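Single-structure report; data block below.
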DNA sequence: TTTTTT
Ligand SMILES: Nc1ncnc2c1ncn2[C@@H]1O[C@H](COP(=O)(O)OP(=O)(O)OP(O)(O)=S)[C@@H](O)[C@H]1O
Ligand SMILES: Nc1ncnc2c1ncn2[C@@H]1O[C@H](COP(=O)(O)OP(=O)(O)OP(O)(O)=S)[C@@H](O)[C@H]1O
Ligand SMILES: [Mg+2]
Ligand SMILES: [Mg+2]
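Structure below.
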């Protein structure tokens, strides 16, 4: 499973893709401390399944204006909330009329070294 | 890396070496190399990211120091917590405000360290 | 219409089975008096309370195991003595060749009426137990240290020869041949087990027991007896503080544990357990170390209370009756 | 009525077992003279008193262990010499390859009548022990340093290879095969053991004996022998003060301890035991540093009093007869 | 099934 950079929250790791549902496609290092309430910590690898269509409630890996992030998706018309899991942080409101918002895949597992 | 039972993240529970399955994870990814996996059951260790239901990778050792996160067994009941040894008393501190440290009277109770926590894998 | 035909067919099948296999072959469970559980004393009131039913069941298989000098043989000889005090016949298959008749006599065992056998092989031991069970004239048989039940091939073999699971296979065959015989004869078989360490266990307790897995499945009650302290008379260790944990129970709730004292040359301290349980049931007032019964200060400390109780048998009998009435989960008839 | 039927069935069962397995296969414990415990001197009067029965039980298993240079080999050689003084035959399975015939002869052992063997593997040592036991001509066997009882696979293998508890399996199989032979043959087997550290123990005394848990369960008597100080003739260290704690006893009360002096070139200082045990029983008056006997001031200082005891055999005979009468709790004759 | 090792 390939590692292709970090996440605003290098090597091939011998991890079975089938362990995740849906199957993980690639792993991302985590840089940040905002995903802590649901167990995603700084430095871990989060698993992503390459897809384009998701619904509300899932924790998703989004790309907002070429910047990568992970948060819980809440879609309401042309307004998206990438809710974080932390008291010290504030949610990132994507006004879906001026910013390009691309779903990259689903967070399906975490791995700590 | 085999899964060989559950470990209590809270009040210790009796656990047995039942090999539920073998997971395709490179043991070398953890330092030191993980020896087995345990299904976490509880939320006393969630502050560091060890949540209920995830697999704590454990490296089988018998010697650990203070401040490490270890998998201990008191009177045939296993638990995971941060160790603090002072003579004939032991403290398995959790990582949670809602939980209290578990004192082991090391004069009446059998206490055996069963490894060291070296990482977490969640499905 | 249909239910009448079903009842007729069921009655015909029942009569056919009784004709083929005997009168007691098949019958309704609620009218089968042979399946009732009859319990026998363990020589320890706390252990009787822990077992739930009031002692070890009759006609079953019971395992007792623990580390070295934990009190397995002494507890067993107390059971045998309690059995003989009611007129029952008991047998001891000493496979360790480590039975002391004088010490057995000191515990209350009538040596002149105890059948003792020192078998050469495990097959001979298990066959002796089988014959004693089939006789129906022996109520309790104990087998010392099923870790000493060495197969005939292993005895005839050489040291370092590999007999992979031969003892386990022999133990399984013996349990298969003995369960029904013991049930039929209403005979209690107590297997004493030794503790070994299992290698390669990565998690949990490495302590296993000898004899394979068949004894685990076929034993109705399994006891883990351990030495948890020393009863010292200042500088002389005069007894052992022993804890027995009921790891398996088929006749009551499991995992209850008991604590008592084994005094060398006297056996289980019945009066100490009695005083402790009377205190537990608010029948003996314990102000610090002061024990009193109905206001009358019986003494100070466990030893003094035990001595006073021994000097006053009537209060001992009264407190024992009360404790048996209250704390027993499954009071025997 | 039913009692007579029970007695008849019991008699039939005893007849069946007796015909099947042998004359002495099963019989009541009271009339089994083969189960009587008969003991031999250990070379130390204090140790005989501490053991309770007056010595080490024949036909049983004894494990003696302690730290380095604590006197285990010297103690077992003294036992061998005491046995040989009674016409018995003894064997020394020297597994450590560290036996000195000159020192053994110095301690009183008749070297010409000691069957000394130096096994190449642990299996060879245990097969020799089994052959000696089955022969019936050897009354004492001493297996030196069961830590040196290395399995054959460990010998053929290379250093650094892991043999996960192979010697434990070998020792368990040996004890299984050997307990019955030793009991039938009336042979005392003394296993000398070493002491190793327990890695990562939490509570207390991380001491462990080599060879596994089988010897703990099977040894009738277990001794912890330690050196506690030196005995000096001025500034020359001429002996060692040794304390033996009976950690496990199956023939008498355990946990009693004894203290003696091992003099280099003489072994156990018997007369020092005699003096101390006479003082303990008021047979010898002790006024400060002066010892007197029946008014006669016999000396000052322990060494000079024991030298007196050397000088006159008569009073030594008197006092040893008396102390053996008053302190030996289980006299045979 | 069988057994600890420092
Ligand atoms: N003849 C005896 N006189 C007095 N105390 C004894 C005697 N024999 C054993 N004991 C002690 O009584 C207690 C009960 O132990 P036992 O039941 O005899 O041994 P065990 O529990 O069967 O374990 P094993 O099989 O000997 S390793 C122990 O503390 C023994 O040391
Ligand atoms: N040939 C000898 N002459 C005199 N003293 C000796 C001799 N060999 C050993 N000793 C000492 O006598 C005491 C008894 O020790 P040993 O007889 O060697 O038995 P041990 O205590 O088991 O020592 P081991 O077997 O070598 S670990 C010790 O203090 C030895 O140093
Ligand atoms: Mg026993
Ligand atoms: Mg030696």
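Residue numbers (PDB author numbering), protein chains in the order written: chain B, 76 to 84, 95 to 198; chain A, 76 to 198; chain G, 1 to 333; chain F, 1 to 333.
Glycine residues also receive a C-beta, built at the ideal position from the N, C-alpha and C atoms.
Closer than 7 Å is what we want: which residues have a beta carbon that near any heavy atom of ligand 4? List them in chain order. Going along the chain, the residues that qualify are F:72, F:73, F:96, F:98, F:144, F:145 and F:192.
Taking residue 118 of chain G as part of the beta strand (DSSP E), name the residues at either end of that continuous run. Careful: residue 118 of chain G lies outside any beta strand (DSSP E) and carries neither H nor E.
From A:84, A:178 and A:192, pick the residue whose C-alpha is nearest to that of residue 116 of chain A; which is it? The shortest C-alpha separation from residue 116 of chain A is found at A:84.
Could you give the DSSP three-state label for residue 89 of chain F: helix, strand or coil? coil
What residues from chain G crowd round residue 28 of chain F, counting only those whose CB sits closer than 9 Å? 111, 112, 113, 114, 115 and 116
Please report the distance separating the alpha-carbon of residue 339 of chain G from that of residue 94 of chain A. Outside the displayed range of chain G (1 to 333) lies residue 339 of chain G, so it cannot be described from this structure.
Quick one: is the Cβ of residue 228 of chain F within less than 7 Å of any heavy atom of ligand 2? no
Contact between the segment 160-179 of chain F and the segment 75-91 of chain F (3+ Cβ pairs under 8 Å): no
Closer than 7 Å at the beta carbon, the chain A residues around residue 202 of chain F: 181 and 186
Three-state secondary structure (DSSP) of residue 382 of chain G: The displayed coordinates of chain G run from 1 to 333. Any statement about residue 382 of chain G would go beyond what the structure contains.
May I have the straight-line CA-CA distance separating residue 288 of chain F from residue 310 of chain F, to the nearest angstrom? The C-alpha of residue 288 of chain F lies about 22 Å from the C-alpha of residue 310 of chain F.
Which whole-angstrom value is the C-beta distance of residue 124 of chain A and residue 193 of chain A, which I expect to be below 8 Å? Not quite, the Cβ-Cβ distance comes to about 13 Å (not below 8 Å), so this is no contact.
Would you mind stating whether residue 272 of chain G and residue 306 of chain G have Cβ atoms separated by less than 8 Å? yes
Give the straight-line distance between the Cα atoms of residue 155 of chain A and residue 144 of chain A, rounded to the nearest whole angstrom. 7 Å
Nearest to residue 99 of chain B by alpha carbon, out of A:98, A:160 and A:178? A:98
Of the listed residues F:167, F:193 and F:203, nearest to residue 197 of chain G (C-alpha basis): When only C-alpha atoms are compared, the closest one is F:167.
When we look at the beta-carbon of residue 72 of chain G and count the other beta-carbons within 10 Å, is it buried (16 or more) or exposed? buried
Since residue 227 of chain G sits in a beta bridge, which residues does DSSP pair it with? G:242
Pairs of beta-carbons, one from the segment 79-99 of chain G and one from the segment 223-234 of chain G, closer than 8 Å: are there three or more? Taking one beta carbon from each stretch, the segment 79-99 of chain G and the segment 223-234 of chain G have fewer than 3 pairs nearer than 8 Å; the two do not touch.
With hydrogens ignored, establish whether the beta-carbon of residue 217 of chain F is closer than 7 Å to any heavy atom of ligand 1. Yes, Cβ of residue 217 of chain F sits closer than 7 Å to a heavy atom of ligand 1.
Compute every distance between the C-beta of residue 291 of chain G and the non-hydrogen atoms of ligand 2, then say whether any falls below 7 Å. no
Could you tell me which chain F residues have their CB closer than 9 Å to the CB of residue 197 of chain G, listed as they occur along the chain? 165, 168, 212 and 213
Unbroken alpha helix (DSSP H) run spanning residue 177 of chain G, endpoints: 166-185
So with CB distances below 8 Å, who are the chain G contacts of residue 110 of chain A? 202
Suppose the cutoff is 6 Å on Cβ atoms and the five residues either side in sequence are ignored; what does the same chain contact list for residue 110 of chain G look like? Cβ within range, chain order: 84.
Contact criterion: CB-CB distance below 8 Å. Does residue 205 of chain G meet it with respect to chain A? yes
Helix, strand or coil for residue 317 of chain F? Go by DSSP, reduced to three states. helix
Within 7 Å: the Cβ of residue 94 of chain G and any heavy atom of ligand 1? no
Per-residue DSSP class, three states only, for residue 206 of chain F: coil
Tell me whether the beta-carbon of residue 171 of chain G lies closer than 8 Å to the beta-carbon of residue 211 of chain G. yes
Consider the C-beta atom of residue 160 of chain G and the heavy atoms of ligand 6; say whether any pair is separated by less than 7 Å. Ligand 6 is absent from the structure shown, which contains only ligand 1, ligand 2, ligand 3 and ligand 4.
First and last residue of the alpha helix (DSSP H) that includes residue 302 of chain G? Run containing residue 302 of chain G: 302-311, per the alpha helix (DSSP H) assignment.
Residues of the segment 264-295 of chain G with Cβ closer than 8 Å to any Cβ of chain F, in chain order: 264 and 265
Would a check of beta-carbon distances place residue 17 of chain F closer than 8 Å to chain G? Yes, residue 17 of chain F lies at the interface with chain G (some Cβ there is under 8 Å from its Cβ).
For the beta strand (DSSP E) holding residue 142 of chain G, just list the boundary residues, first then last. 140-144
I want to check one thing, is the minimum distance from the CB of residue 265 of chain F to the heavy atoms of ligand 2 below 7 Å? yes
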